[PDB]
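Trainee: Following this message is one structure expressed as structure tokens.
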Amino acid sequence: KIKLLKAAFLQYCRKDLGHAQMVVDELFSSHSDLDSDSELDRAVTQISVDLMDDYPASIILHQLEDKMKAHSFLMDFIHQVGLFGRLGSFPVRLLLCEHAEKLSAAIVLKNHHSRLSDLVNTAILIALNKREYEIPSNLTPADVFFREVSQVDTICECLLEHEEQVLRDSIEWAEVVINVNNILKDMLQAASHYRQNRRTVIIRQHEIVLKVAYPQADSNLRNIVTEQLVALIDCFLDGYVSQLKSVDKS
Numbered sequence: 518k519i520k521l522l523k524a525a526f527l528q529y530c531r532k533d534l535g536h537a538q539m540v541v542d543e544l545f546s547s548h549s550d551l552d553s554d555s556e557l558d559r560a561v562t563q564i565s566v567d568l569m570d571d572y573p574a575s596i597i598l599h600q601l602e603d604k605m606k607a608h609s610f611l612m613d614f615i616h617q618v619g620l621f622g623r624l625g626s627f628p629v630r638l639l640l641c642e643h644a645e646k647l648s649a650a651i652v653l654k655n656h657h658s659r660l661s662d663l664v665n666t667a668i669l670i671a672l673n674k675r676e677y678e679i680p681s682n683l684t685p686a687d688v689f690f691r692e693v694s695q696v697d698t699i700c701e702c703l704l705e706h707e708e709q710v711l712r713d718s719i720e721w722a723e724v725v726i727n728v729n730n731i732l733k734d735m736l737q738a739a740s741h742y743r744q745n746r775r776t777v778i779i780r781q782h783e784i785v786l787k788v789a790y791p792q793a794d795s796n797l798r799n800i801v802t803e804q805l806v807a808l809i810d811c812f813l814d815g816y817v818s819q820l821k822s823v824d825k826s
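Here the sequence shown stands for residues 518 to 575, 596 to 630, 638 to 713, 718 to 746, 775 to 826, numbered as in the entry's author numbering.
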């Protein structure tokens, strides 16, 4: 229940200062716990994942860096107090920590890139999911577009298709369709190297392969190659993730 995940979230707060007291609330946990593997242990998985979702919901970059460290001393304050079980990945929702890590390095990889064309495709992507409070506070926001940034990729693609419907392709319009290719690419380069330090996502990639195919039909030589070394950089991350899921199941 909510009283429990608010008791370990209170023991992690003390797990930054000292441990002794927190190690006795994990010891009271193991004796007072259910201990029936098949779902009560996925009731404390649904707690460790509800606090990783809240350390991700948390100076907008230096503030999102402070949150990849926080979710790093939260993954170290789980390895010790242990926290050596539970896993409710199932369908759509341990791999869930790594995944929320990878998407916080994605949130810092598009925070490091802030220009007027992506900030516009982001404001179109957030006004579509819901309305924004107009008491200033207009990033228009990120702390919740992080726990769910996967969505600001399938929308900063629909804003390259409406910026391509007006592109009139004409050369400066095929330079704006590559600038986005380069960011979704090195945002997928940032999730790969965060796993080395260990059906909408995919559709938006097979959609920009085909739009990176329509453009090289009209493009100065050198440019048509750099967007080809790019769509080769991206296709090689999809085929690597279907290979890793194969090897996962047998």
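Think of the CB as a built atom: it goes at the ideal place given N, C-alpha and C, for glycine as much as any other residue.
Mapping DSSP to helix, strand and coil, what is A722?
Mentor: coil
Trainee: Would you kindly report the start and end of the unbroken alpha helix (DSSP H) that includes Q600?
Mentor: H599 to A607
Trainee: Which residues in the same chain as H536 place their Cβ atom closer than 8 Å to its Cβ, once the five residues preceding and following it in sequence are excluded?
Mentor: Within the same chain, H536 has close Cβ partners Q617 and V618.
Trainee: What is the rounded straight-line gap between the Cα of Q528 and the Cα of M539?
Mentor: 5 Å
Trainee: If you pair each beta-carbon of the stretch 679-694 with each one of the stretch 658-671, do three or more pairs fall below 8 Å?
Mentor: yes
Trainee: Would you identify the three-state DSSP class for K821, choosing helix, strand or coil?
Mentor: helix
Trainee: Which word fits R630, buried or exposed, when buried means at least 16 other C-beta atoms lie within 10 angstroms of its C-beta?
Mentor: exposed
Trainee: Where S575 and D687 are concerned, what is the direct C-alpha to C-alpha distance, given to the nearest angstrom?
Mentor: 7 Å
Trainee: What is the DSSP secondary structure of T684, reduced to helix, strand or coil?
Mentor: Annotated three-state conformation of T684 is coil, per DSSP.
Trainee: With DSSP run on the structure shown, which of helix, strand or coil describes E783?
Mentor: helix
Trainee: Closest to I809 by C-alpha separation, out of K604, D794 and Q781, would be which residue?
Mentor: Comparing Cα positions, the closest option is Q781.
Trainee: Buried or exposed: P628, going by 16 or more other Cβ atoms within 10 Å of its Cβ?
Mentor: exposed
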